[PDB]
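Please read the structure below before turning to the comments.
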Amino acid sequence: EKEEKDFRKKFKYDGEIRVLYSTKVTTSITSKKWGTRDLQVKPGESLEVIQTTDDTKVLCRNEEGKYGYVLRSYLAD
C-alpha cells in the first residue's frame, strides 16, 4: 500500500523482500525504544523476518502493508 512508499522511502534498499526465516520477537524486544525507521512491534510477538539489513539487522514485515526495522540488540536469533 501507500505504506510501501514510506518504507521504500527510507529503505531505498533495492532487494528481494521475501520472508525466508520469520523470527519470533523475543519478550526482550524493543517495547519502549521506537524509531522512525523502526517498527512499533511489541516484545513477545511474532513477525515475518526479511533479509539482513547490514550485518546484524533483520527487517520485519507485517501484512499491514508496512515494513519496519529491528536491531539485533533486541530481537530473536
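By convention in this document, the chains of the C-alpha cells carry letters A, B, ... by their order, each chain's residues are numbered from 1, and ligands are numbered from 1 in the order they are shown.
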Identify all residues of chain A in strand (DSSP E) (DSSP on the backbone) and supply them as a compact mmCIF listing (two decimals) with C-alpha atoms, in the first residue's frame.
# COMPACT_ATOMS: atom_id res chain seq x y z
CA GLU A 48 7.97 -12.12 9.35
CA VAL A 49 11.72 -11.68 9.02
CA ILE A 50 13.10 -10.47 5.71
CA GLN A 51 16.74 -10.12 4.73
CA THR A 52 19.53 -8.81 6.93
CA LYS A 57 19.73 -6.46 11.47
CA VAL A 58 16.54 -8.16 10.35
CA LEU A 59 13.71 -6.30 8.67
CA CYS A 60 10.30 -7.44 9.83
CA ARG A 61 7.19 -7.22 7.68
CA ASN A 62 3.52 -7.02 8.58
CA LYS A 66 4.06 -1.66 6.13
CA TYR A 67 7.65 -2.59 6.91
CA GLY A 68 9.93 -1.94 9.86
CA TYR A 69 13.49 -2.40 11.04
CA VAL A 70 14.76 -4.27 14.08
CA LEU A 71 18.20 -4.09 15.64
**Prompt:** So, counting only C-alpha atoms, which residue among A:25, A:20, A:39, A:47 is closest to residue A:75?
**Reply:** A:25
**Request:** Have a look at A:13, A:19, A:55, A:73 and name the one nearest to residue A:33; count only C-alpha atoms.
**Result:**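 Closest residue, counting only C-alpha atoms: A:73.
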